[PDB]
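Inspection log for the structure reproduced underneath, given as structure tokens.
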Amino acid sequence: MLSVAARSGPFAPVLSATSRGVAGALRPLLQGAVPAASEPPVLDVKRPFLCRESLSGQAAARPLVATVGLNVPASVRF
Amino acid sequence: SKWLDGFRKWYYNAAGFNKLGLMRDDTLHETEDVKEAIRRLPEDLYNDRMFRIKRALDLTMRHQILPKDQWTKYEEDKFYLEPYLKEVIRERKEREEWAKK
Amino acid sequence: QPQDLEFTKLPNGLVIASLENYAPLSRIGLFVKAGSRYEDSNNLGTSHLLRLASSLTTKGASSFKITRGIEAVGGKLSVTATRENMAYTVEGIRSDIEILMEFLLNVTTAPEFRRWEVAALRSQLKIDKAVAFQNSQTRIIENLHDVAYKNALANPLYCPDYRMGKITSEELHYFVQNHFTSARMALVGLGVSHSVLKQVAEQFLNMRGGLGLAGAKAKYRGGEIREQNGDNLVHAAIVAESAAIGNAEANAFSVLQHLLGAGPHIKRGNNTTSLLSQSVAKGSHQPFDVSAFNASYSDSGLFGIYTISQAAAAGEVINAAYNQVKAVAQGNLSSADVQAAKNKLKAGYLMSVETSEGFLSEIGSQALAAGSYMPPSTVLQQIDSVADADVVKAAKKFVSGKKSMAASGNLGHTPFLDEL
Amino acid sequence: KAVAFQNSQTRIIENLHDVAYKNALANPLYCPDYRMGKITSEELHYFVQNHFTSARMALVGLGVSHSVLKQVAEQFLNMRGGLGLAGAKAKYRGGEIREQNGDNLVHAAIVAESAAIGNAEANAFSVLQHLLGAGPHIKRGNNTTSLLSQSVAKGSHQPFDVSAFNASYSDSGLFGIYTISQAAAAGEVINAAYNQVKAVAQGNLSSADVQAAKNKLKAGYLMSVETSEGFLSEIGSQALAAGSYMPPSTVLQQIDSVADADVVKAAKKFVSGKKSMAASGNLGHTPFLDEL
Amino acid sequence: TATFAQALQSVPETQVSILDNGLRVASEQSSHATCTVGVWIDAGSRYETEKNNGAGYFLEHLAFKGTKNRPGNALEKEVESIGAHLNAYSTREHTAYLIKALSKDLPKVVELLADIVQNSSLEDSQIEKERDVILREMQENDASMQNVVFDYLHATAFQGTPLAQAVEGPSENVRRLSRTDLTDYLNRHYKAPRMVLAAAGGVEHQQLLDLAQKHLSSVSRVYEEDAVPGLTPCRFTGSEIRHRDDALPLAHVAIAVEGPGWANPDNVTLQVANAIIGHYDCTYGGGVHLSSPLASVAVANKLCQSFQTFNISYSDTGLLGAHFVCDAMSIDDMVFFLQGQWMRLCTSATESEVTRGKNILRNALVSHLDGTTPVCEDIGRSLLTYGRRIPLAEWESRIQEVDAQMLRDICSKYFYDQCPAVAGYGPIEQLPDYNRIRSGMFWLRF
Amino acid sequence: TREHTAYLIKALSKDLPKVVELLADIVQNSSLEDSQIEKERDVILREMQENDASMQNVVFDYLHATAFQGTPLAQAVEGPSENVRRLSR
Amino acid sequence: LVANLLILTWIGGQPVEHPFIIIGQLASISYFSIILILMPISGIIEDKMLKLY
Amino acid sequence: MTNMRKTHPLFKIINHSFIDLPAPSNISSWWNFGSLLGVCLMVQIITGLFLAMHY
Amino acid sequence: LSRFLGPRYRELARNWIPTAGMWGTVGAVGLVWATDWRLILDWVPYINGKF
Ligand code: HEM
């Protein structure tokens, strides 16, 4: 009884992932499909931090403040 | 032999793609196997190949060639695309044999 | 004339198990201790791509040759993976299992892992993860393992979102070279003779024989994580640390889940022998589904309760289920209930091993765990050797231990661990 | 939400509040992903009708007389009801969220419950923040008087940045340590910062450092109220929180009234309190809460 | 060693006996310590007359809620006590009540099954509770798109016949049927000559026959008015139902033609044809090297999310065709490629794909006949449909007699120039109408 | 900038004298130590590596370089990396 | 080949006397031999000489 | 909006064929010749039309 | 053209011989009918009355 299918009865397909490299003769139950997941928006990349001198100040010290504007870009302070 | 090697260097100079800085495998016509082998290239060789092609097209556009010190010499013409092309050709022959039988 | 199981341990460590029952379709599997627990934070999701990379080009057969040759005889090649173990299984007619073993042993022993093939496979990795997380149970069990463990068993079965596009050929090669060694492998064949299995074993895998890379010991951390996602039903799993593989307390915990309730036996039934279902149904008239969860691995185990309920009534149902386990921790149980739980557990084991692929999975798991096949009658008598005091001890070990909680849904009325 | 979550410390602060509170402060500032495509107009109408009421608003004007502002107040702001909905008091839970996303830098925040707005002890917590470092004072400086930077920098040959995080809300508080470090050396940076705060909590501090922290706090307040936007934000926050306008001289006086024993008490409250941890990056070497 | 032939012929035979009521008692013995014992009744939605369209389904709900001898949940307490599993299902033609248990619990299980077929007390409060349960499970069943599509295909293919109506029935009948309709359905369609007691696994046939004589003797055997029902053939109609709902993310389309029936042997050949086309979904690891040309072109052009082929058989009728799930902007292309494959099987079948389909069918049959539950299921269906259990050696003989010429002959008989039934659900505007599909059912070049 | 340099202090009014002489200590009596020169050379090299990934700075530097060719206005404030490697005291 | 086309254009404007018949016959034979035979053989020789295969 | 050259259905054909058509930079004067053919064809048609007015 | 030299292509060609021959018969009959060819229509009995 040293197996996840023999010891975990109902929780057999959630503790185990079964893929097929080559499909068999019988089709599997619950074929399933991906219903066209949405695309995240494309944003410009931020500069990295490779020295201590530019990392200085990046740690937060104040509560989160969000700000939006009519013709001002949105900003966040820490 | 050595005479055939010297005549092959002479033919390499007479072909004239070394004057544009091109390699041997840059001048291959893009068939299906050649495009698959190009798509299987690493990105450094891919970028080098397309910069060489762009420079050759620019030189042909102004009807000029490279300086003679910048020509692709015969013994530094590395066949980078050749093993990928052999892999693509052999698997296409395998698929053709399976469809044939 | 069906004979018995027959075992040899080769000097390079490889276990060979065979049974010749003269079945028309014969099944040959190979079991490796190379689950997702053997990764670390630098190569997360490598086992998922390795599981999905079974039909890639090998040293001996291309992807086209493997796929068209397995489909030409109508055979089947599948990969099943847990957090500890991977199993590559082929099955087909007895007249084609020679080339089926050629294909399977080439896939196990000599992969190539070409970079364009894995670059094509990463989109399939994303698609497979989405299909797997289409249901709430998979996500809540992955979250439960991630919050329950620190390093080893906390690694997910499915690749994380950031790691897609970052898994390379070198990581797959390193994982195969460090975990696909002969001392961690068992080759198990139903419907095949011993001689052909042992000769293909000695002429394929004769190059790797070590113990491989040892994994870290799994460490419990506990805690809770909550996923507010606006589902109609609240899913909640509350577990604690339990026994491992190889102890009688694991048998006590299996008897404890079959006493508390481990799935319906009747289609659209009421579960009138499930203590958790009775304790919920005496107070709540809403639709619900309460069961006992047990997942034990070779160094550590998780035992607890699993609830699906309405969002408004998510609280007291969980409390009711928890209270029922506390009653079992106080000795409030009857011997007829424990006997019925033992009968349910042993019937579930026998129906799990009654099918051919379940039998092969059981033989492969036992050959990896101990190198010998334990007969089912001894499993029956070791289930029957469990006492009532062991069940009470397992229940009090669950209620005394610190908890791991994974919740998902509209969690406005879902309680916390300190409120229990 | 994507533009705001482009940088990691926003997500760290969101996860930290979600760790720290059960309700009424753990609600995110930005909309969750499932709630997009589902927020309706009647929900917005309900929120405005229950929270945009007359007893919870302050109209503040710079550059206008009182008469014009009060007549548009009586002509607009008289049709609303009263005090509106109450709230849920923001009870504390604690815990940990670790978000493995394989960044080159590990961001960690370890916080505990502190005093609320209006408590005198919160002022001491502010002084404690400037005892530990609330930001640089020199463009490309070494942070010589920052105790956390001095305690971490002696054992690190690779870039880091450590500061003290302070967040006071009308019923609750959150004081802690923010660290940004490499993946392989997150544990020693976090342990060095935590040991520095533990050494502060055991009465190992200088009165000159407390005076310098007070000067930093006073200069930060007077530079925050320097612009007209910061001035009007201060006036509106004071009018909402207390219903009166407190002069900056009185603010500096109650800053100077803080004792150093109050700073020791605040550090001891942080040390003995139940912790809350939010971490992200390559967390293979980031320690857990029980491992501290 | 042993080849495929004597491995198939070493399978133990299914032995069938008959009681004095005409009740069939069939069993097949294996070495397993477990067993599956079921009752198969020739009663489905095809025997209902539109006034009791949900009687079999609602009786299938009520059958486990207590009998006269075992009132209420005490009954299911008994099937908990031995740790057995209790299942039931209903199709358009057959109803099954089956128990998976141990071998040593063989008598009581049979006794339990006896109560389930002839002593079910239908309480009115239980009738109201199961009515609400059936309403809510139809309310979740219409969310599953393939069940809706196959019900639509059955309705539009068997218009005006009792084969169009679903197993569950309409909601008005669920709100309308009373206890007397259930009693009349139970006294009409649960006759002993239309019943098979099937056992698979560790059972002895003589002990099972003695238990059936003890418990299952004298069920009804008499229609009580000399009013015997008769099975009526169902008219197939080439037609189309299009349920357009553009808010759904994916579209499900099923296209079928008329099948031969249970007793017509060319079904086997048609199964080989289905094995040439095969099935596919998006989680398959074969890539572009799949042997099926439809699956290969679907992977190559990113057309479908899934497809499958079906050969549903009823008493001298059936539906033979394909069901695919895909997004809207691919639908027409999928239809085109699917029809091309059918015409290729009507015109240009070669020996290699026929050999591959025969191997796939052999693997499918033997791998399906594995475990006590599918063996008992096959025994029940074989005794209800064929009147006998066809052994695997006869199946292998009928498979090996199939060649390419008779496959393209039978495919031209059943697919070429036939009017199909089309059922679509989802964003199906680019799904072609009936003239384009009907024109795709033949080639101008033959 | 390309034309101006600024050293500025924000302080309180009462600290106004000392701040001024601090400025008089900065632009007049700076001590340029050699190990500090090596440390800031490495810091500036990796800070230019950081600035390489900000696309608007790269684009405006490219705009100056192509608009003011052959003039001192084309070159950047940071300069090329080789000059950073070989500037002496 | 272009030279041969020029020769054929010259021969087409000449009457049928010696040696225009044999010149036109050799010109047409060389035209079809260059297009159909000599150019692919030359391309194969070039592929050998460039070490392609 | 006002990019009529790429939104007008007549004008986008002339745009796609003669204005925004991606052509190789290095093509010699030989690649002129086919365009000459089209122009020469037009010339023939025009002259032929006037030759059709009196023949 | 050694790509199409195999048993499967020979079976496909053998299967498509009668359809191609029937189409060639269709083309020959249509050509004779459209051109009103006297070498064939003088032999068909009912067509002889129009000459
Ligand atoms: C549709 C447009 C055209 C028309 C209406 C047209 C009409 C005519 C007419 C009326 C003539 C007789 C007048 C004459 O002898 O010069 C002529 C002559 C001729 N055309 Fe065209 N033509 C057209 C296009 C072309 C084209 C495209 C060609 C080929 C390039 C062509 C080649 C000739 C030649 C070779 C002559 C004989 C010239 C001569 O010997 O005088 N024509 N055409």
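In what follows, chains are A, B, ... by sequence order, proteins preceding strands, each numbered from 1. Atom set for the values below is all heavy atoms of this structure, side chains included, hydrogens, waters and symmetry mates excluded.
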Salt bridge present between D260(D) and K214(D) (N-O < 4.0 angstrom) = no

query = Taking only residues at least two apart or on different chains, which pairs with a member in residues 15-31 of chain D satisfy salt bridge (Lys or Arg N to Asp or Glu O under 4.0 Å)?
reply = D418(C)-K22(D), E419(C)-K22(D)

query = CG/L148(D) to CD1/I177(D) distance, rounded to the nearest 0.5 angstrom?
reply = 4.5 Å

ask   = Which pairs pass salt bridge (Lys or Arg N to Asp or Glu O under 4.0 Å) with one or both residues in residues 111-131 of chain D, sequence neighbours excluded?
value = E121(D)-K269(D)

note = Closest non-hydrogen contact found for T286(D) with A186(D) is OG1-CB, 3.8 Å

query = Can you tell if the side chain of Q9(D) reaches within under 4.5 Å of the side chain of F165(D), non-hydrogen atoms only?
reply = no

ask   = Are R93(D) and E224(C) within salt-bridge range, i.e. N to O under 4.0 Å?
value = yes

Only distances under 3.5 Å count here; give the side-chain donor-acceptor pairs of residues 10-17 of chain D to other protein atoms, sequence neighbours excluded, each with its distance to 0.1 Å.
| unit_1 | atom_1 | unit_2 | atom_2 | d |
| --- | --- | --- | --- | --- |
| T10(D) | OG1 | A4(D) | O | 3.3 |
| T10(D) | OG1 | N7(D) | ND2 | 3.4 |
| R11(D) | NH1 | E99(D) | OE1 | 3.3 |
| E14(D) | OE1 | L29(D) | N | 3.4 |
| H17(D) | ND1 | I13(D) | O | 3.0 |
| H17(D) | NE2 | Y169(D) | OH | 2.6 |

Donor-acceptor contacts, no H, no angles, side chain residues 82-89 of chain D, under 3.5 Å, sequence neighbours left out:
none

ask   = According to the side-chain hydrogen bond (donor to acceptor under 3.5 Å, both in side chains) rule, which pairs have a member within residues 225-240 of chain D, sequence neighbours left out?
value = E226(D)-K10(F), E234(D)-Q238(D)

task = Check for a donor-acceptor pair, side chain of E50(F) on one end and backbone N or O of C51(A) on the other, with a separation under 3.5 Å.
result = yes

key: From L292(D) atom CG to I190(D) atom CD1, the distance as rounded to the nearest 0.5 Å   = 7.5 Å

Within residues 32-41 of chain D or reaching into it, pairs that qualify as salt bridge (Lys or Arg N to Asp or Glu O under 4.0 Å) - sequence neighbours excluded = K1(D)-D33(D), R35(D)-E43(D)

Sequence neighbours excluded - salt bridge (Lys or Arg N to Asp or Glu O under 4.0 Å) pairs with any residue from residues 247-259 of chain D = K218(D)-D256(D)

key: ring-ring contact (aromatic ring centres under 6.0 Å, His included) contacts in which one or both residues fall within residues 206-261 of chain D, not counting sequence neighbours   = none

Taking distance alone, no hydrogens or angles, what donor-acceptor pairs closer than 3.5 Å link side-chain atoms of residues 69-78 of chain A to residues at least two apart or in another chain?
| unit_1 | atom_1 | unit_2 | atom_2 | d |
| --- | --- | --- | --- | --- |
| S75(A) | OG | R77(A) | NH1 | 2.4 |
| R77(A) | NH1 | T67(A) | OG1 | 2.9 |
| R77(A) | NH2 | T67(A) | OG1 | 2.7 |

message = Does anything in residues 67-83 of chain D form a side-chain hydrogen bond (donor to acceptor under 3.5 Å, both in side chains)? List the pairs, not counting sequence neighbours.
response = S65(D)-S67(D)

CG on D52(F) to CZ on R46(F), rounded to 0.5 Å = 13.0 Å

key: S56(A) versus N143(D), side-chain donor and acceptor atoms under 3.5 Å   = yes

ask   = Out of curiosity, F49(A) CZ to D161(D) CG, how far, rounded to the nearest 0.5 Å?
value = 9.5 Å

With a 3.5 Å cut-off and sequence neighbours excluded, list the donor-acceptor pairs that the side chains of residues 195-212 of chain D form with protein atoms.
| unit_1 | atom_1 | unit_2 | atom_2 | d |
| --- | --- | --- | --- | --- |
| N195(D) | ND2 | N191(D) | O | 2.8 |
| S206(D) | OG | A208(D) | N | 3.3 |

query = How far apart are the C-alpha atoms of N142(D) and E53(A), what are their side-chain angles, what is the distance that settles it, and do they pass the side-chain contact (heavy atoms from CB on, under 4.5 Å) test?
reply = CA-CA 8 Å; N142(D) 278 349; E53(A) 296 294 328; 3.8 Å; yes

task = Would you kindly say whether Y178(D) and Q58(A) are connected by a side-chain donor-acceptor distance under 3.5 Å?
result = no

task = Name all pairs fulfilling the ring-ring contact (aromatic ring centres under 6.0 Å, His included) condition that reach into residues 108-130 of chain D, sequence neighbours left out, sorted by first residue then second.
result = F125(D)-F175(D)

